[PDB]
Protein chains: 4
Amino acid sequence: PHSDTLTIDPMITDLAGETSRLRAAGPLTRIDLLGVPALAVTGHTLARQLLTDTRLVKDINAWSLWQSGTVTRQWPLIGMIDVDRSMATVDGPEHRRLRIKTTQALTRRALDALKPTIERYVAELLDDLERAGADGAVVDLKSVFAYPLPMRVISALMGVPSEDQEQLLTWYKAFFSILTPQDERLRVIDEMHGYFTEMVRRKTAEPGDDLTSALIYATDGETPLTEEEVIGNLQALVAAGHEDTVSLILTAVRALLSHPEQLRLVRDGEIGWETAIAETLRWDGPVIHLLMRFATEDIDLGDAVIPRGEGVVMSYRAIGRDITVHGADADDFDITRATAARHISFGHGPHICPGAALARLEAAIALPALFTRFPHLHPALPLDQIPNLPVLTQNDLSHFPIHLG
Amino acid sequence: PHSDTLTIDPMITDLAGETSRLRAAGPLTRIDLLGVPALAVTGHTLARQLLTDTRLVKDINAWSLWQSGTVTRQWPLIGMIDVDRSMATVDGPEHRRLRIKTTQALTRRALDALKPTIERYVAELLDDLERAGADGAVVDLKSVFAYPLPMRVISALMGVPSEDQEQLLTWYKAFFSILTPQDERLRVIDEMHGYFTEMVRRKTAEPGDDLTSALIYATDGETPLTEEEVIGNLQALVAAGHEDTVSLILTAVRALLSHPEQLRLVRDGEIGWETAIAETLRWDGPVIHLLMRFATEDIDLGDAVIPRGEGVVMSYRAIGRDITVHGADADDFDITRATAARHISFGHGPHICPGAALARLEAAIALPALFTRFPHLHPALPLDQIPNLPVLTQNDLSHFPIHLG
Amino acid sequence: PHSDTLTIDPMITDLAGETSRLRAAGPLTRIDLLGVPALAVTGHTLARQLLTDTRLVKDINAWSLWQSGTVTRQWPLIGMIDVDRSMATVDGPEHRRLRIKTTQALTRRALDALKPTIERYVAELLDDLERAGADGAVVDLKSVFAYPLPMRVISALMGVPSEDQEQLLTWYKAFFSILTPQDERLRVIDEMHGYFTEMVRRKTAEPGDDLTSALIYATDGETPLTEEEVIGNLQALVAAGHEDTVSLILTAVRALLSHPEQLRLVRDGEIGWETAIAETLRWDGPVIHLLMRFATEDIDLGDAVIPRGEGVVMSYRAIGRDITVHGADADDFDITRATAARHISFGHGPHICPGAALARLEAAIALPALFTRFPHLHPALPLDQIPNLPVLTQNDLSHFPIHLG
Amino acid sequence: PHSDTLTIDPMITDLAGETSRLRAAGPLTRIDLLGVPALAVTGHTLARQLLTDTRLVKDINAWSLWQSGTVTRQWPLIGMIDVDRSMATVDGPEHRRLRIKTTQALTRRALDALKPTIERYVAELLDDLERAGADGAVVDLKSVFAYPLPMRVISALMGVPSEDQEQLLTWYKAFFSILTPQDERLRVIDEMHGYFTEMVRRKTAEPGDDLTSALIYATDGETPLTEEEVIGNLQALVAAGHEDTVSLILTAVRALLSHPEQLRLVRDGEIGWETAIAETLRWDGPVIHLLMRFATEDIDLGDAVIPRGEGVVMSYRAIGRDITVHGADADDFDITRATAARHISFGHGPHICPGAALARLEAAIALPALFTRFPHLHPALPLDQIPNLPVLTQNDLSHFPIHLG
Ligand code: HEM
Ligand code: HEM
Ligand code: HEM
Ligand code: HEM
Ligand SMILES: C[C@]12CC[C@H]3[C@@H](CCC4=CC(=O)CC[C@@]43C)[C@@H]1CC[C@@H]2O
Ligand SMILES: C[C@]12CC[C@H]3[C@@H](CCC4=CC(=O)CC[C@@]43C)[C@@H]1CC[C@@H]2O
Ligand SMILES: C[C@]12CC[C@H]3[C@@H](CCC4=CC(=O)CC[C@@]43C)[C@@H]1CC[C@@H]2O
Ligand SMILES: C[C@]12CC[C@H]3[C@@H](CCC4=CC(=O)CC[C@@]43C)[C@@H]1CC[C@@H]2O
Ligand SMILES: [Cl-]
Ligand SMILES: [Cl-]
Ligand SMILES: [Cl-]
Ligand SMILES: [Cl-]
Ligand SMILES: [K+]
Ligand SMILES: [K+]
Ligand SMILES: [K+]
Ligand SMILES: [K+]
């Protein structure tokens, strides 16, 4: 049945159907997010244009529905938007000051110092896979390998103690799940804020060799970051650094296992692993929808107008399936396509993902290490039967049962 | 493709297909349980006969595969069989001594003293549903209502402190999941044993108004139960009292919601709630397979012989679908059928479930309370899309998204 | 994807799906009629109760959406509600005065005088079928037989000249089609009003042996009907007398042709033709939705409240599929079922169809005459491929290709 | 079930299946046209050869079935063949005289004088779409835009008065529909002949600036056309000029809406509109079968022989799907294919469509005007559910429900 507003299903029962419908109704279309209306950008070229348009800001105070009190903290998606001041909420000249220390710490050269730590965690978790898969038993690749690894890496970078990481994982699972009761979710949001507040206090009194300390003590240059800004950057870096990288690792393994000819190309050195990672990001990336941007004034696109105060969502999954950019086979996984590295699954413009080099590095180490260690790894359950968790905006897989072979 | 040994799929990908194949290949057929062979009893009349045959015992030491060292603690299903001495592991005259105090405490008349406690827990968890479902939000009926309720009831009966119940739930989820690494599963089994050992120590020093204390301090009649026997009975009562009752509540709601005409019959008083519960137990009961029985000698059934030392599994789900007993519509949910209360989903013979009256009482209170409180309750996800957890022998649903209406 | 408001599709793409969804969400549920909200009564028992509830009136001025100017004449369904004063728009004591002369003229005994006229028209149109079907050609059963017949009968009863009937058919097709541009639809509504206004003028100056003349000149008893009341009754009698009877004839033929065993039962005298007509009315009747009733005050039904001013639609098709009344096979056509004549497809309460005896008489003459004349009549197109016309509230078939045989 | 004669289904229930079966059974195969046998040419190269073969003539008197009286005016397709003398019925030297005045009037340079008239009608009917689609209402693109436009254009060219065009539309709908009773169809054929006879009389007494007058008064050169020849040319020009162009406009919109990437290419100027029109003509053109040609003697094709007197049909739709000419993707709509302008959907040889430049001009004006005016135009009904009218030889769509957006 036809409707002009596409309701994003919170259970993610038909992700493929929604992504195709969003593309067909694009590049700009109305969507419904749990009773709240917004515009969705589903086209590649229009996304690049709007992601650099200074009239679209992240600040929730620019949202006419927030101004009128129509949307409140009872909205189950409010934790994705109504967050503390950070690089994720600011635009304009002040944005660069909130990003500079993080981008400096996340350059390829800076990450070379972190590479041996990543190698150690990959090796340790491969040992866990080996023990778990003994005697031909079925193993959850997510819980044993892909789920803990990015948390370990981002915790080492930021300075999160090893004993605290299980609690963070429990919090994020409740934070992202649509099934979490809203009173519990807001409570989890408060508990996470309290944890990172105390972590910043702990690093202020006793700084260490970690990014959090660098945010706290920026040394020469610029106004010091406020407590809210340090906590906000910390919160965004851990959340994204963990959530998105877990998805990239799992979807890459799923794509390569279901395309064994292409897995052979990367294992034999005919196609680079980073090219396989790029096509995974384009075809099956971590972000489904990015909430949210708001128009500070009317934005005229010629045929259509984005009214002042309207909310605008970047539908990165639909954007990756753009037929105008990638061709008629955009819905297929093909690491040999020429437009693989043309994706914008890390974003575009000022808010482009600062951890993109780290995400690429983690996947580029973990993936060949996994398939070299277990060359006969294969699913114990048909890959197409692996369901998504009920997470509206993130491409989160539930579990990944495999046999080591 | 045809095969003579039916492999029970650990991912529960096709439960309907397996149940029909087990019925078609029955009433006695060979099955494969994660590489271990056994016979499956899938016929109603043959089950009743074998459940009273004194030549089939629960003791794992009668298993020829256990005697020969072929099956070890590395088998992922070993926690269902190699357990402490209890009413679940003994046969013959000593069996009655390990059951008498429990059956005396679990009669319908004895349970009348527990009814107000059950009513309070149902009312409290319905309040949780109301808060979780505020503003039309989607609610997990399992996590908010059906999952905690039987744990609170069996904990009140046995004397498990309120603060310890979340840890028990965590243990049982790992105990039952096939995805749990076997070293972790064996550790959880050890941690559960340590908890219940200390609980018996705590109740020995300071007995209370609970069944555990009754097992510890009987009257002058009969030999006192050993420490192993008390712990063993306690472990079986909590595990079954929780695990099976959660499934009954969820499957009853699923069956009634997908058959609103039949839900109307029970709410309007034309069919009793206990009849709707009986048909749920027959059609979609908590136990899929019951492990395990072993022949002390050759058992001649006419057309076939069960060799001495062979393992025998009661496939209660397939048994409930017996067409010879229930008719050509055995695969349909119909609370008006005449053979509903003729099911043996609680077992038969000496090992018949001792908590059947409590399971019936919990469901008979919780179900009408749920539908009276939320008369417009309905699924937020198509009922047929609710998956089973990867638990081989138990009918465990993953989650139950609903709207209060 | 799940939604709490069921949008009635104007293209009638999935009538079966919508009818089942309306039943499943009933007996009272919210619907969307081309952007306008209303409640739909989809349950049999609740319909009978509300159709006799004096707090639900037909007068559009009781509609809060009409009072507030939210709904206007630009709404494509406004011609079904905002009509002239007649028996269709009034409730209470004045309702009986607007119905008495019509009900007196439409009793079974009064209709005996019209039977030879119906017989002549059936015979004439069967002759048309014979000529149209010459040399084995395909014939549109609708255009040649079922479409003109009820117009000729209701025109003979009301006094519509033979030469004017083709224009009336053209008007009604535009009136009912959702595809008609709204400015054109409003013009057709005005042209129909002008025609019937002049017809009443013509009958006032020169009365005849017809019902229209009877409405104009009653006896000394009671106040004479106003001009608006005569025109209004005339318009309702012609519209319903034509539109609904065409559908009944076509759906009866479709149901019997797709169930030749049941057609054999009526032709061989084991089941009466009026019973086959009753099951057609229950299973595939002319009315899909009846617009519209409005609550003069809050109506408490126990679990729900119909707010004052809300619009209430009788979904007669969904009501006919009531499983609580007709059993588990309610979606099947079965003239031997015991509940066939228990349908309320003619309505219930004061507004019950006054022409039901005439509709039954027309079908009871036409159907056996058709099958006696052409015993080998059969479809030239698969019956399930016959589409509905885009008419939201009426069960209107597009065309009915047959061969005479 | 296999048969050597392919029966063309008069209801067009499976047009895709028949077209593929005709191609698979080609390039020359037997078909059944409502009980009348003929040969069908379904291959591209064989069509070009036979369309220039002087042994295949249009004259029905060369048909052995017509000579023997086997086929008569009772055949429902006889109006496509047994027509008055015109350019459509003559072959050889006399053919050019019946075509010269028409081809001279239909050159691209001559049509430049008609372009402002086409622009005015497109603008007027776009205004009708705007009014019909007000307030988001569904609009029939056929009835409001595509159906009247070619009639207006061909009427302006030929000199048909504006007030007479609705009657012509009504006649042609009955003429083409297989559901029309044959006695009514022959009557419609007579009424059309009477209308065009009087139109030629009217233009003879008072000639105007139109093609009909040019046919009547050819000025210098050649024998004057007879009354039968003028009426015959007039009849063919209006019938084809209207019927085929309506189909081209609707199928082009359907193809572009279902391929939004390709619609973007033409709207952005990367592919010419005339290239999109060419691929629409190749893939989904107006003519399905062209009746009919007859062999004046035995025609030897090497492997097969067309016997003298046999009827030969050009299956232009199947011809457009020729895999030998267009490749393995011939069944796909792709305006970027290299063989798009290689189609013969306008025919080939002496009888090639004389109005091809006019059809291309009408579509090349109307299509960009439509999408420029309503850039967000989209279907209100799934495009694949738009059915064909029961017209055997013409690709006639029933209705085209859209929203303006
Ligand atoms: C694993 C693959 C990853 C993907 C596909 C991804 C993608 C994205 C996207 C789409 C955005 C928002 C762009 C927008 O505003 O529209 C973003 C922002 C961000 N990401 Fe990533 N990310 C990934 C991993 C990471 C990692 C490893 C980190 C490390 C901490 C990280 C930290 C951040 C932060 C802090 C922002 C906010 C930047 C800003 O708003 O200025 N992400 N990412
Ligand atoms: C909710 C529905 C329940 C079902 C369908 C069920 C079913 C069963 C079955 C099939 C057996 C084993 C029969 C055999 O040996 O083949 C069993 C045994 C047992 N059940 Fe239940 N059960 C339920 C709830 C409960 C409850 C509420 C308790 C309370 C503590 C309980 C405690 C036990 C114990 C201790 C045994 C072992 C008895 C023995 O081996 O002697 N179960 N049950
Ligand atoms: C062919 C089968 C027919 C069916 C299934 C049918 C059904 C109905 C229904 C459902 C209603 C409205 C009930 C309500 O208010 O909810 C109605 C009212 C009415 N019908 Fe019929 N009808 C049929 C034929 C006819 C015929 C032959 C006539 C003759 C004139 C007629 C004239 C009317 C009139 C005037 C009303 C308005 C009565 C009032 O509102 O008081 N209908 N009918
Ligand atoms: C809209 C797209 C059109 C298509 C695809 C089309 C196609 C055709 C075809 C296939 C034929 C017969 C070729 C044969 O004999 O096998 C034909 C003939 C003819 N068409 Fe068109 N036509 C179109 C539009 C028009 C228009 C706009 C006119 C203007 C009057 C027209 C007038 C004629 C006439 C008079 C003939 C007979 C020519 C002859 O037999 O010498 N057609 N057309
Ligand atoms: C959306 C995101 C996950 C959720 C993050 C978001 C950055 C801002 C942020 C700060 C919080 O306090 C909660 C999590 C969020 C909302 C991240 C940007 C890229 C990644 O996908
Ligand atoms: C199988 C069962 C769940 C697992 C229980 C079993 C009784 C014996 C038992 C004692 C333990 O220590 C672990 C759990 C088990 C193995 C129960 C009998 C009925 C219920 O379904
Ligand atoms: C709805 C109906 C068809 C449309 C009729 C309606 C009665 C009232 C009426 C008067 C009019 O002027 C237009 C048609 C309508 C709106 C009829 C009652 C039963 C039949 O189905
Ligand atoms: C077949 C046709 C439609 C019907 C036209 C035909 C040209 C000859 C002709 C003269 C008539 O009198 C009726 C219509 C017909 C039969 C046209 C040629 C191309 C177009 O498709
Ligand atoms: Cl990349
Ligand atoms: Cl029971
Ligand atoms: Cl009836
Ligand atoms: Cl072309
Ligand atoms: K666009
Ligand atoms: K593909
Ligand atoms: K050939
Ligand atoms: K294809």
# chains A, B, ... in the order shown; residues from 1 in each chain; ligands from 1
call {"tool": "interface_residues", "arguments": {"of": "chain C", "to": "chain A", "cutoff": "10 Å", "atoms": "only C-alpha atoms", "output": "JSON, numbers by chain"}}
result
{"C": [1, 2, 3, 7, 8, 9, 10, 11, 12, 13, 14]}
call {"tool": "write_last_selection", "arguments": {"atoms": "N, CA and C atoms", "output": "CSV table (one decimal), in the first residue's frame"}}
result
chain,number,residue,atom,x,y,z
C,1,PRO,N,4.8,-4.2,7.4
C,1,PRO,CA,5.1,-3.3,8.5
C,1,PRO,C,3.8,-2.9,9.2
C,2,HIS,N,3.9,-2.9,10.6
C,2,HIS,CA,2.8,-2.8,11.4
C,2,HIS,C,2.4,-1.3,11.6
C,3,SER,N,1.1,-1.0,11.6
C,3,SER,CA,0.6,0.3,11.9
C,3,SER,C,-0.7,0.2,12.6
C,7,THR,N,-5.1,2.1,6.5
C,7,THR,CA,-5.4,3.0,5.4
C,7,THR,C,-6.2,2.1,4.4
C,8,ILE,N,-7.4,2.5,4.1
C,8,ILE,CA,-8.2,1.9,3.1
C,8,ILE,C,-7.6,2.3,1.7
C,9,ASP,N,-7.1,1.3,1.0
C,9,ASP,CA,-6.5,1.6,-0.3
C,9,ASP,C,-7.5,2.0,-1.3
C,10,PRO,N,-7.4,3.1,-2.0
C,10,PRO,CA,-8.4,3.5,-2.9
C,10,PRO,C,-8.4,2.7,-4.2
C,11,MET,N,-7.3,2.0,-4.5
C,11,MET,CA,-7.2,1.2,-5.8
C,11,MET,C,-7.7,-0.2,-5.6
C,12,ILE,N,-8.1,-0.5,-4.4
C,12,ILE,CA,-8.6,-1.9,-4.0
C,12,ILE,C,-7.6,-2.9,-4.5
C,13,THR,N,-6.4,-2.8,-4.2
C,13,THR,CA,-5.3,-3.7,-4.6
C,13,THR,C,-5.4,-5.0,-3.8
C,14,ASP,N,-5.7,-4.9,-2.5
C,14,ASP,CA,-5.7,-6.1,-1.7
C,14,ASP,C,-6.9,-6.1,-0.8
call {"tool": "residues_around", "arguments": {"residues": "residue A:200", "least_positions_apart": "4", "cutoff": "12 Å", "atoms": "only C-alpha atoms", "output": "PDB file with N, CA, C and O atoms, in the first residue's frame"}}
result
ATOM      1  N   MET A 158      41.632   5.521  24.565  1.00  0.00           N
ATOM      2  CA  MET A 158      41.033   6.543  25.415  1.00  0.00           C
ATOM      3  C   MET A 158      41.442   6.421  26.876  1.00  0.00           C
ATOM      4  O   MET A 158      41.320   7.402  27.618  1.00  0.00           O
ATOM      5  N   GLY A 159      41.895   5.250  27.314  1.00  0.00           N
ATOM      6  CA  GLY A 159      42.259   5.070  28.703  1.00  0.00           C
ATOM      7  C   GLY A 159      41.168   4.502  29.580  1.00  0.00           C
ATOM      8  O   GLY A 159      41.115   4.827  30.772  1.00  0.00           O
ATOM      9  N   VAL A 160      40.278   3.684  29.025  1.00  0.00           N
ATOM     10  CA  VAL A 160      39.238   3.007  29.797  1.00  0.00           C
ATOM     11  C   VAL A 160      39.849   1.768  30.443  1.00  0.00           C
ATOM     12  O   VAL A 160      40.425   0.927  29.737  1.00  0.00           O
ATOM     13  N   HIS A 193      26.870   8.758  31.562  1.00  0.00           N
ATOM     14  CA  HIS A 193      27.392  10.102  31.785  1.00  0.00           C
ATOM     15  C   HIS A 193      28.158  10.186  33.098  1.00  0.00           C
ATOM     16  O   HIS A 193      29.210  10.832  33.170  1.00  0.00           O
ATOM     17  N   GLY A 194      27.639   9.551  34.152  1.00  0.00           N
ATOM     18  CA  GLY A 194      28.343   9.546  35.424  1.00  0.00           C
ATOM     19  C   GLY A 194      29.678   8.831  35.352  1.00  0.00           C
ATOM     20  O   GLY A 194      30.661   9.265  35.960  1.00  0.00           O
ATOM     21  N   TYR A 195      29.732   7.720  34.609  1.00  0.00           N
ATOM     22  CA  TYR A 195      30.985   6.985  34.463  1.00  0.00           C
ATOM     23  C   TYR A 195      32.042   7.828  33.760  1.00  0.00           C
ATOM     24  O   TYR A 195      33.194   7.901  34.207  1.00  0.00           O
ATOM     25  N   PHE A 196      31.685   8.427  32.623  1.00  0.00           N
ATOM     26  CA  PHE A 196      32.672   9.203  31.881  1.00  0.00           C
ATOM     27  C   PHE A 196      33.026  10.499  32.604  1.00  0.00           C
ATOM     28  O   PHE A 196      34.148  11.000  32.458  1.00  0.00           O
ATOM     29  N   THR A 204      42.155  13.794  35.031  1.00  0.00           N
ATOM     30  CA  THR A 204      42.609  15.135  35.383  1.00  0.00           C
ATOM     31  C   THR A 204      43.602  15.088  36.537  1.00  0.00           C
ATOM     32  O   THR A 204      44.627  15.779  36.513  1.00  0.00           O
ATOM     33  N   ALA A 205      43.321  14.267  37.549  1.00  0.00           N
ATOM     34  CA  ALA A 205      44.229  14.155  38.684  1.00  0.00           C
ATOM     35  C   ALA A 205      45.481  13.366  38.323  1.00  0.00           C
ATOM     36  O   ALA A 205      46.577  13.682  38.800  1.00  0.00           O
ATOM     37  N   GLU A 206      45.345  12.347  37.480  1.00  0.00           N
ATOM     38  CA  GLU A 206      46.461  11.468  37.120  1.00  0.00           C
ATOM     39  C   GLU A 206      46.426  11.202  35.626  1.00  0.00           C
ATOM     40  O   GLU A 206      45.954  10.151  35.173  1.00  0.00           O
ATOM     41  N   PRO A 207      46.923  12.138  34.819  1.00  0.00           N
ATOM     42  CA  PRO A 207      46.903  11.946  33.366  1.00  0.00           C
ATOM     43  C   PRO A 207      47.819  10.811  32.937  1.00  0.00           C
ATOM     44  O   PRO A 207      48.779  10.447  33.620  1.00  0.00           O
ATOM     45  N   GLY A 208      47.494  10.250  31.777  1.00  0.00           N
ATOM     46  CA  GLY A 208      48.235   9.125  31.244  1.00  0.00           C
ATOM     47  C   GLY A 208      48.538   9.249  29.766  1.00  0.00           C
ATOM     48  O   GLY A 208      48.311  10.300  29.159  1.00  0.00           O
ATOM     49  N   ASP A 210      47.190   8.577  26.899  1.00  0.00           N
ATOM     50  CA  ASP A 210      45.919   8.256  26.266  1.00  0.00           C
ATOM     51  C   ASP A 210      45.277   9.532  25.741  1.00  0.00           C
ATOM     52  O   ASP A 210      45.662  10.644  26.112  1.00  0.00           O
ATOM     53  N   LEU A 211      44.284   9.352  24.866  1.00  0.00           N
ATOM     54  CA  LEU A 211      43.669  10.495  24.200  1.00  0.00           C
ATOM     55  C   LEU A 211      42.870  11.353  25.175  1.00  0.00           C
ATOM     56  O   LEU A 211      42.829  12.583  25.035  1.00  0.00           O
ATOM     57  N   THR A 212      42.228  10.729  26.166  1.00  0.00           N
ATOM     58  CA  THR A 212      41.449  11.491  27.140  1.00  0.00           C
ATOM     59  C   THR A 212      42.320  12.522  27.844  1.00  0.00           C
ATOM     60  O   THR A 212      41.936  13.690  27.982  1.00  0.00           O
ATOM     61  N   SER A 213      43.512  12.108  28.278  1.00  0.00           N
ATOM     62  CA  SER A 213      44.447  13.041  28.899  1.00  0.00           C
ATOM     63  C   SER A 213      44.830  14.163  27.941  1.00  0.00           C
ATOM     64  O   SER A 213      44.992  15.317  28.356  1.00  0.00           O
ATOM     65  N   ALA A 214      44.990  13.842  26.654  1.00  0.00           N
ATOM     66  CA  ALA A 214      45.329  14.866  25.671  1.00  0.00           C
ATOM     67  C   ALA A 214      44.204  15.884  25.522  1.00  0.00           C
ATOM     68  O   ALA A 214      44.459  17.080  25.340  1.00  0.00           O
ATOM     69  N   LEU A 215      42.950  15.424  25.580  1.00  0.00           N
ATOM     70  CA  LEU A 215      41.816  16.343  25.536  1.00  0.00           C
ATOM     71  C   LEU A 215      41.774  17.224  26.777  1.00  0.00           C
ATOM     72  O   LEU A 215      41.410  18.402  26.699  1.00  0.00           O
ATOM     73  N   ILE A 216      42.135  16.658  27.929  1.00  0.00           N
ATOM     74  CA  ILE A 216      42.098  17.398  29.186  1.00  0.00           C
ATOM     75  C   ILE A 216      43.199  18.450  29.216  1.00  0.00           C
ATOM     76  O   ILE A 216      42.967  19.611  29.572  1.00  0.00           O
ATOM     77  N   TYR A 217      44.413  18.060  28.842  1.00  0.00           N
ATOM     78  CA  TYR A 217      45.576  18.942  28.861  1.00  0.00           C
ATOM     79  C   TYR A 217      46.042  19.081  27.417  1.00  0.00           C
ATOM     80  O   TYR A 217      46.846  18.284  26.929  1.00  0.00           O
ATOM     81  N   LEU A 225      39.373  22.861  26.703  1.00  0.00           N
ATOM     82  CA  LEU A 225      38.044  22.288  26.563  1.00  0.00           C
ATOM     83  C   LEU A 225      37.343  22.299  27.914  1.00  0.00           C
ATOM     84  O   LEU A 225      37.970  22.093  28.957  1.00  0.00           O
ATOM     85  N   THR A 226      36.040  22.558  27.899  1.00  0.00           N
ATOM     86  CA  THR A 226      35.286  22.486  29.138  1.00  0.00           C
ATOM     87  C   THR A 226      35.126  21.027  29.556  1.00  0.00           C
ATOM     88  O   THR A 226      35.401  20.100  28.790  1.00  0.00           O
ATOM     89  N   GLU A 227      34.677  20.826  30.795  1.00  0.00           N
ATOM     90  CA  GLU A 227      34.395  19.468  31.242  1.00  0.00           C
ATOM     91  C   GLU A 227      33.336  18.818  30.360  1.00  0.00           C
ATOM     92  O   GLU A 227      33.462  17.645  29.988  1.00  0.00           O
ATOM     93  N   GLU A 228      32.301  19.579  29.986  1.00  0.00           N
ATOM     94  CA  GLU A 228      31.247  19.036  29.134  1.00  0.00           C
ATOM     95  C   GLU A 228      31.787  18.637  27.767  1.00  0.00           C
ATOM     96  O   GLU A 228      31.363  17.628  27.192  1.00  0.00           O
ATOM     97  N   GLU A 229      32.714  19.429  27.224  1.00  0.00           N
ATOM     98  CA  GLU A 229      33.262  19.134  25.904  1.00  0.00           C
ATOM     99  C   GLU A 229      34.166  17.909  25.935  1.00  0.00           C
ATOM    100  O   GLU A 229      34.139  17.089  25.010  1.00  0.00           O
ATOM    101  N   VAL A 230      34.972  17.759  26.989  1.00  0.00           N
ATOM    102  CA  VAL A 230      35.822  16.575  27.092  1.00  0.00           C
ATOM    103  C   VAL A 230      34.965  15.324  27.226  1.00  0.00           C
ATOM    104  O   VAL A 230      35.157  14.340  26.500  1.00  0.00           O
ATOM    105  N   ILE A 231      33.998  15.349  28.146  1.00  0.00           N
ATOM    106  CA  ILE A 231      33.104  14.203  28.322  1.00  0.00           C
ATOM    107  C   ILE A 231      32.352  13.907  27.030  1.00  0.00           C
ATOM    108  O   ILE A 231      32.179  12.742  26.646  1.00  0.00           O
ATOM    109  N   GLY A 232      31.904  14.956  26.334  1.00  0.00           N
ATOM    110  CA  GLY A 232      31.149  14.752  25.108  1.00  0.00           C
ATOM    111  C   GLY A 232      31.970  14.097  24.014  1.00  0.00           C
ATOM    112  O   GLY A 232      31.507  13.172  23.343  1.00  0.00           O
ATOM    113  N   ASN A 233      33.198  14.583  23.803  1.00  0.00           N
ATOM    114  CA  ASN A 233      34.076  13.944  22.828  1.00  0.00           C
ATOM    115  C   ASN A 233      34.374  12.509  23.232  1.00  0.00           C
ATOM    116  O   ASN A 233      34.308  11.596  22.402  1.00  0.00           O
ATOM    117  N   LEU A 234      34.676  12.294  24.513  1.00  0.00           N
ATOM    118  CA  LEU A 234      34.946  10.951  25.013  1.00  0.00           C
ATOM    119  C   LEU A 234      33.770  10.026  24.738  1.00  0.00           C
ATOM    120  O   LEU A 234      33.941   8.903  24.245  1.00  0.00           O
ATOM    121  N   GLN A 235      32.561  10.503  25.025  1.00  0.00           N
ATOM    122  CA  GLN A 235      31.361   9.701  24.825  1.00  0.00           C
ATOM    123  C   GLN A 235      31.183   9.332  23.356  1.00  0.00           C
ATOM    124  O   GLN A 235      30.920   8.169  23.025  1.00  0.00           O
TER     125      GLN A 235
END
call {"tool": "residues_around", "arguments": {"residues": "residue B:146", "least_positions_apart": "6", "cutoff": "9 Å", "atoms": "only C-alpha atoms", "output": "list in words"}}
result
residues 125, 245, 246, 247, 249, 250 and 366 of chain B
call {"tool": "residues_near_ligand", "arguments": {"ligand": "ligand 7", "cutoff": "9 Å", "atoms": "only C-alpha atoms and all ligand atoms", "output": "PyMOL selection string"}}
result
chain C and resi 78-89+172+175-176+189+192-193+231-244+286-291+346-347+353+393-394
call {"tool": "select_by_dssp", "arguments": {"residues": "stretch 145-226 of chain B", "states": "alpha helix (DSSP H)", "output": "PyMOL selection string"}}
result
chain B and resi 148-158+165-176+182-205+211-216
call {"tool": "residues_around", "arguments": {"residues": "stretch 44-50 of chain A", "least_positions_apart": "5", "cutoff": "8 Å", "atoms": "only C-alpha atoms", "output": "list in words"}}
result
residues 27, 56, 314, 319, 320, 322, 325, 344, 348 and 349 of chain A
call {"tool": "atom_distance", "arguments": {"atom1": "atom CA of residue C:315", "atom2": "atom CA of residue C:42"}}
result
5.3 Å
